[PDB]
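Undergrad: generate coordinates for the sequence data below:
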Amino acid sequence: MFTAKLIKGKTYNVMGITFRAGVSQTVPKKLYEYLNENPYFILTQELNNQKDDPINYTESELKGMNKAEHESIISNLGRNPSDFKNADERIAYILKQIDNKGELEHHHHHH
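TA: Numbering: from 1, shown residues only. Sure, the structure comes next:
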């Protein structure tokens with residue numbers, strides 16, 4: 001997660017985002033580096049998602065995902081992606097786990 005807080009200003013409108021001095025607001029990577037150039041803000045990025053289940057992603061993202069990326073993914077799963085050499089193999093196998101994420105709130109009082 002990226003966040004910026006106005007240190008130079010008091011109330012400033014960046015593109016379509018409204019920042020105020022003292023007010024931290026979460027921004028995308030685009031705006032983070034955009035405001036990295038613009039010395040009006042203090043920039044801070046922290047990872048709330050330290051570890052998730054790293055073996056299930058968008059096939060669209062995996063279509064543009066590099067060789068070592070696919071490998072490190074399935075390595076975190078605990079499988080050897082060295083046998084799977086073609087993109088088809090690697091993408092399909094990862095898609096099996098995006099299929100394994102069927103439910104999150106299977107708990108009552110939240111249905």
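
Undergrad: could you use CA atoms for every contact and neighbour count after this?
TA: Noted.

Undergrad: past the helix or strand where residue 74 lies, which element shows up next along the chain?
TA: Secondary-structure assignment from DSSP states H and E places residue 74 in helix 67-77. Per DSSP H and E, helix 67-77 leads on to helix 87-98 as the next helix or strand towards the C-terminus.

Undergrad: and the angle from that following helix to helix 67-77?
TA: If you take axes from the mean of the first three to the mean of the last three CA atoms, to 10 degrees, helix 87-98 sits at 40 degrees to helix 67-77.

Undergrad: give the buried residues for the helix holding residue 74.
TA: 70, 71, 72, 73, 74, 77 (16 or more other CA atoms under 10 Å).

Undergrad: name the nearest of those residues relative to residue 22.
TA: residue 73 (38.5 Å; CA to CA).

Undergrad: my read: that closest one touches residue 54, true?
TA: Yes - look at residue 73 against residue 54 with CA atoms under 8 Å: they come within range, at 5.6 Å.

Undergrad: contacting residues around the helix or strand harbouring residue 61?
TA: Using DSSP H and E, residue 61 maps to helix 59-63. Here helix 59-63 makes contact (CA atoms under 8 Å, 6 or more residues apart in numbering) with 70, 91, 95.

Undergrad: what residues are up against the last one?
TA: Looking back up the chat, that one is residue 95. Counted by CA under 8 Å, 6+ apart, residue 95 has contacts 56, 57, 59.

Undergrad: distance of it from residue 70?
TA: 12 Å (CA to CA, to the nearest Å).
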